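First, one chain by itself: the form solved without 2'-deoxyguanosine-5'-monophosphate, in structure tokens.
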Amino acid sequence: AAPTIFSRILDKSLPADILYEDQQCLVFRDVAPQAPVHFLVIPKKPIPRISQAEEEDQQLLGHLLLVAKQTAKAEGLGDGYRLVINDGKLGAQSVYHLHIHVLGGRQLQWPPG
């Protein structure tokens, strides 16, 4: 039944560098950054993976992408960035709580893994 590590970031049990918070979501820096700017946008609702989002999540999912781009701008990513959502094993999903990676501050390569 126990929730993921992200539930303990959300309830502030685990210290994190939090960039933004509202009643729907939380934004915090990734502690294993893959770029000079690397942060995560997560819903408070513990959707485990994008494959398990439902129609009722439409507004929340749109809010997560708007918060990602608002936070990218606040972090100074004016020359481009990348949003990544990993689902399951082949996506290399680490924590089974929905998160959007935001990466910037270097040239991102193609393919994206």
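Residue indices: 1-based, along the sequence shown.
Look at the C-alpha B-factors of 94-102 and of 12-20. On average they run higher in 12-20. Between the residues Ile42, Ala68, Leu61, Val31, the entry's highest C-alpha temperature factor is the one at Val31. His38: CA B factor in the lowest third of modelled residues in this chain (values from the PDB entry). When the modelled residues of the chain are ordered by their C-alpha B factor, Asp87 lands in the lowest third.
Remark: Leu77 belongs to the middle third of its chain, ranked by C-alpha B-factor as recorded.
If you look for the form deposited with 2'-deoxyguanosine-5'-monophosphate bound, you will not find it shown, but the lines that follow are about it.
For a residue to qualify, one of its non-hydrogen atoms must sit within 4.5 Å of 2'-deoxyguanosine-5'-monophosphate in the deposited bound form; none of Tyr20, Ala72 and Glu75 qualifies. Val67 falls outside the set of residues with a heavy atom inside 4.5 Å of 2'-deoxyguanosine-5'-monophosphate in the deposited bound form.
In the deposited bound form, 2'-deoxyguanosine-5'-monophosphate sits within 4.5 Å of a heavy atom belonging to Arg29. Interface residue remark: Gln24 is not counted as part of the site for 2'-deoxyguanosine-5'-monophosphate in the deposited bound form, having no heavy atom within 4.5 Å.
Within 4.5 Å of any heavy atom of 2'-deoxyguanosine-5'-monophosphate in the deposited bound form lies no heavy atom of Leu10.
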